[PDB]
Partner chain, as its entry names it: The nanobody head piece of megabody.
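One chain follows as structure tokens, the form solved without its partner chain.
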């Protein structure tokens, strides 16, 4: 049996040994029967509801409602039983919708050596021991041990975050993911020419497979909003059970009938549970998701919308999220001395070259145009549809030529002698003849490292004429090279001439992987907002520090910690060091997970914005998983909870503001609904205690909570948010929703509603027996109390006149609909039969409005008193 070798094991053993265990053929390939057998055993080269709905019934509130329903059906109360059943079904469905995570969001074509080469093959068809070829712009299909690689470099930015392509060698290594120069791992593009290797791993055994297993092992933390709502539900369950028990035992001591106490406990348990709260919360979160979808962000779970409003730390993958991952020629330094700055980011025509504050196009400036032409002519990389097929620096030079408008200069020259780029050579030289005139002499264009180019150059150009090189000019060029190096740029020396050793030094170009457009401004805004932004990447110290300094995360006195130090550091000292530092470099996926888990240990709500495979574990471990919509890999977008469609960081600020507004609205309607529930519970308890018959039954309580107080609460959940709410710093997730002031307001509203409703109920009670007039008076009084409480519950600080009655059109429509429904209940004969109510005179309605305005008046009085006291 032919086992799969671990990448480290394959790198350690020589080529012959690897082929011996893998039982491979270096030249001929694999027999069809052997491929079929290994595919049958190992499998293809790929990797990857009812119980969720049932689990909602485990909630204690749902259990209490089921107990109420079964007690109701034991007696002959069919209406209460069916109403409570419908309420339970609706609550369970909306809870399942809230907890449901959406998963709605060609195989790599690899030419392996199957039978005499030239086999088109597919990514899936590979089996261990297969020999697969590689070329430029070809993604690596599976982890292959490179047994033949001539001038090979591979871009592992997605896999490991290393910007520079990794040079690949065939000889076994004496001994890290990057240190294994022999192996070429799955999912990494090949920049350089050619390679061939034996497929050591297929499926779960690839590096993608190891990171996927790490991701699956991890469990995503629960959102702060979900924790707060679970705590609130536990508090409500304890309160309801305690109140029901105390009332039951007290009344039994008083001597009330057992059947009467059961038929009253049904109403008590229905009232004490706010049924509309989960529905309203789910609807609010769904509207937030829709708004984010409008704002170029796809949220995969409803509670995630509020989560970015509570985040304290935002982490970031440097390569591909903060930086475009596309090299750009930022700076040009002419040999004469002219300084030019180049805008634009990536491989595209957008942007322009600015010289001394003046935009230069075409051949306006002969020196910079000549430098651009020299860079563009001696290139192999070609850009199609803003995608690069070739070296990154050559693509950057092509993009610069595109910006200058000289992209049609590669066609004017045809190569005669080409000198390939080599690791020891460090310079590329090409001779061309101008197409229009063959009589023109041979002209050689060369580029590469400054040292070699200036060694092969003996003259330099200035003001349209050639001058002999001197020591002073070489010193100036060296100083400019040092200045560019200190700024994080990569320096290439461009030169042209008639033959090697007689070139005219043209200038220098500074190439850097630049931050994405608008990332700097968004980072500054987020830092000013109170969020501490950290950078976690697997790249080198120099590149990470340069990018961090450009974005502003890094200062002279700031500190940076490698991944190896993190591994060596103990849990405690890691917990003290991680908050201090802001840049982490050479961080493996396990190290990124360690960093985020140590941040979460201190209590911070961590959000990471990565795009690579190495960020999948970190994204799942993070409280918010943000991924780039376009550049993000399949695994990273699988581990994310929100994806930025346009790869814009302003979407992060929009999400933060939306989360803050959603939480504020949630607080408002939670206050309203708990006030209503406590008022109903207290009214029923007081009526039962003093021998009054129960004023409200299960059907009426459910009607009030859902039909009448539903639309007003789903209008309070969409109330426009004040600027001061979203301008506040991120809150502490340990804080509860029910503040002391909120509880005070809820108790005041409950007391007033109880007093008014009990007064009406007792006044209309003729001979301690409920008459339909009493039923309709109590029902309408409670509904009007609820409408006025909803009106006064729009904001905790701003008075309604300050806000405006007609500011929220949805609220006005919901209130009008509720009033029309109540009028139908008290006037429509079928509804009168259903609810055992009666028609009411206009004077009674006026009296009810006057009595029910007291809760609003007291609420605004308390608001004014609080405002005066705050000053």
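Residue numbers count along the first chain shown, from 1.
Omitted here: the form solved in complex with its partner chain. The next part is about that form.
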Problem - Touches its partner chain in the deposited complex: residue 552 (any heavy atom, 4.5 Å) - result: no
Practice task
May I ask you to state whether residue 337 is within 4.5 Å of its partner chain in the deposited complex, using heavy atom distances?
Solution key: yes
Handout entry: Distance check, residue 480 to its partner chain in the deposited complex, heavy atom within 4.5 Å
Key = yes
Problem - residue 331 within 4.5 Å of its partner chain in the deposited complex, heavy atoms - result: yes
Exercise for the section: Sort through 582 to 590, 480 to 488, 640 to 648, 265 to 273 and report the only stretch with a non-hydrogen atom within 4.5 Å of its partner chain in the deposited complex. Expected result: 480 to 488
Problem - in the deposited complex, the residue from 146, 512, 545, 522 that sits within 4.5 Å of its partner chain by heavy atoms - result: 512
Fill in the blank from the handout: The one residue among 347, 663, 505, 208 placing a heavy atom within 4.5 Å of its partner chain in the deposited complex is 347
